[PDB]
Each structure stands twice: as C-alpha cells, then as structure tokens.
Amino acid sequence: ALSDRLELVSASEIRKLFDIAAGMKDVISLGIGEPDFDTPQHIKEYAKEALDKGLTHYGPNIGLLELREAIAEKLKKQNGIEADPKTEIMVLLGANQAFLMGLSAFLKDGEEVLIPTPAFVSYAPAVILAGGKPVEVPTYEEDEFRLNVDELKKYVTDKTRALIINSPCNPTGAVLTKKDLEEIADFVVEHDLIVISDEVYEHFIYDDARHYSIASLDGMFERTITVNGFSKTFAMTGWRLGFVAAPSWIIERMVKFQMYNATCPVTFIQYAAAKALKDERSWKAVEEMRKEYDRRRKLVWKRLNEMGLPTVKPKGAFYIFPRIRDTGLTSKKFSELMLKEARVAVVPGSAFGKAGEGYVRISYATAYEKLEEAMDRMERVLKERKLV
C-alpha cells in the first residue's frame, strides 16, 4: 500500500540541511532550488485581470483549454513537439506532480525505472510511490555528467519499463546533445520503455548549448511524457503551475488520478500563464534572467575551480556540482563543515544518488554579491583546513 511505499522513502538530506541552517545566522544559502527573481510584473497583472474577470471557479481536471492551446503552440514552436491540446496536454499543480502521476498511468509491481544520477530528488521516491523499483544509472564528470547509453545498457533488465531524463539537469547542470538524445531514444525504443523528459530548465542554457526534446524525435511521442512548467522559466514557483504532453491514454489516467488528488490547477493562474506565453515581455524577461544566471554561473565556476574544487562548467539550469572528494571529506561532512565554519549551505552530492557522492550542489539562483561572499567563505575554510 502507499503507506508502506512512503515508509521506504528516505528522509530528505536537503530537509535536514535546511532545519539546521535555519537555526543559525549569517548563513548564506546555496541550496535554493528556485529562481530568486520575482514574477514579471505583467504576468502578475494578468492574474489580477483574471481575478477581476471572476475566474475563481473550477476548471477541467485537465486544465483550461485556453492554456492547453497556448502550451500546444509553445511545444510546437519551441520544442518541435506536436500535441493535441484537447487530449495530449495536461496542466498540473507544478511540474513536480508529473512523476508520481505519470508513472502511475502504467508502472506495475516491481517494474524498474532507470534514473540517471546525480538526479533530482523527486524521481526515485515517485517510482517507489508508484509501486516500482528505482535503478540508479550513474553519469560521470568526465562526460560532463551527460548520460551515456553505455551505462543504460548495463543497468537495463527485463523488468525495466521506464527511464526518467532531465535536461538541463538538476544538480549537475548537464545538457544532453541532440546525438545524446538520439541514442537514448534508440535505447528507449529497443527496450520498449516509456521515457519521462524533465525539461523545466530548458530556457536557462548557456554557451553553445541548445535544448532538444526527445518527444520531437522520430516516433518518440508515442512513448514519451514531456514534463515542463512555468516555475523556472517565468519565476512562478509559488504559482504552482506545470504541465505535461503525452499520449492520450497516459493523459486520461493522469486526469483520473487528479480527480482524487488536487482536482485542477488554479483557474486565474492558468489564465495568466496563457496570456504570459503569448506576451513578448515574458520572453524578454526570460532572456534577462538567463543573462544574469550566466553572469553568476561564470563567477561560481571560476571561483570553485580556482579555490581547488574541480568543477564541470554547467551548460544549463542554475546549479553547479563541484568535486569535493579530493578534500578527503564525504559529501555530508563537507556540507557540515561549510555550514558550521563558512556559514554557507550547500547540498551533499549524495542526496542526488550514489553517483552524487564525492560532490556537492550549489545553486546560483541568488544575488551575485551573496555568491561572491559565499565563495570567499568557502575558500577561506578550504585553505585554513588544508583541504586544498
């Protein structure tokens, strides 16, 4: 039963870090998994307009049609994904809902779900809650943390039914290239898996990197649940609005699940997001945010490396994952030390899976000045403790 599965889910290491950091002052948090920017004003204005228009009643379990149509257009233009807004697109209370609900549309007892690690903290627990068995597939820093099909093939079994992909990736910041996705797609097809693609950080890509969606690849829509949302893209984390595009049979089961869960997303919020998707100001805001994230990203990448922590330059999202194993400390002890002496909160790499052990996650979704200060604090401790 669900209660048994919930008991199998381990307590959060990020939760533990927060509880401790909170009880201390002068601490700079680098464990934030959300934008620091406020929601663009014009979007706030669209929400106010929706409130004046009286859009405060229930909407379809699947989401407002107007929003689904706006999402279909965004998917087509930006991602090359063709999805019918009437049956293949569902709005959710944040993109986070997609994993538990999406997997519940097909996952059977004991079936395995390949989860490339380091991985976002929601994946494994969602698999366990759905009734399956999570199977971690390590990614390596020498591969810029890009998932390698060589690794997937070693961990796949006859019990494997799904694969969860995340690009741009949280916590590594890795971006899967088109060739990477083509190879993953072939593997997915070969093993008759359903692949869930988490693309919420799609717009925060840097350097020469481009965002490709696996569902846009030849014959992939029939076996892909594309997950995205407005939380990162429009700095709307507190608005709780995400969405998925998938075959209608999966969508039908997801709305059925929703009928006994959150029912439907916030009506006036959906109206604002539909208007936001078609407003040039929304995208100009996305560009400004990406620019600032990039400025902070170059700061932390250079500082981490120069202070003695080999760090892969992230190509997407707003996270960076420095190697800390050479200091002789475990990810947890490294985080404990930084919180106590540097007054800087970083997430132990192990929180993202075994492959994350030996690393630590730092989020640069915070003021540049705060980042400069946290870098100095961290470097001070590393050098004083002779860890570098």
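We number the residues from 1 along the sequence you see.
The mean C-alpha temperature factor is higher for 155-163 when 155-163 and 232-240 are set side by side. Looking at 180-188 and 201-209 together, the entry lists the larger mean B-factor for 201-209, computed on C-alpha atoms. Within the selection 74, 284, 303, 297, the deposited Cα B-factor values reach their highest point at 284. Residues shown: 342, 70, 360, 50. Highest C-alpha temperature factor in the entry: 342. When all modelled residues of the chain are sorted by CA temperature factor, residue 56 is found within the middle third.
Ranked within its chain, residue 310 lands in the middle third, by CA B factor from the PDB record. When the modelled residues of the chain are ordered by C-alpha B-factor, residue 346 sits in the middle third. Among all modelled residues in this chain, the alpha-carbon of residue 328 has a temperature factor (C-alpha) in the highest third.
Annotation for residue 35: CA B-factor lies in the highest third of the chain's modelled residues.
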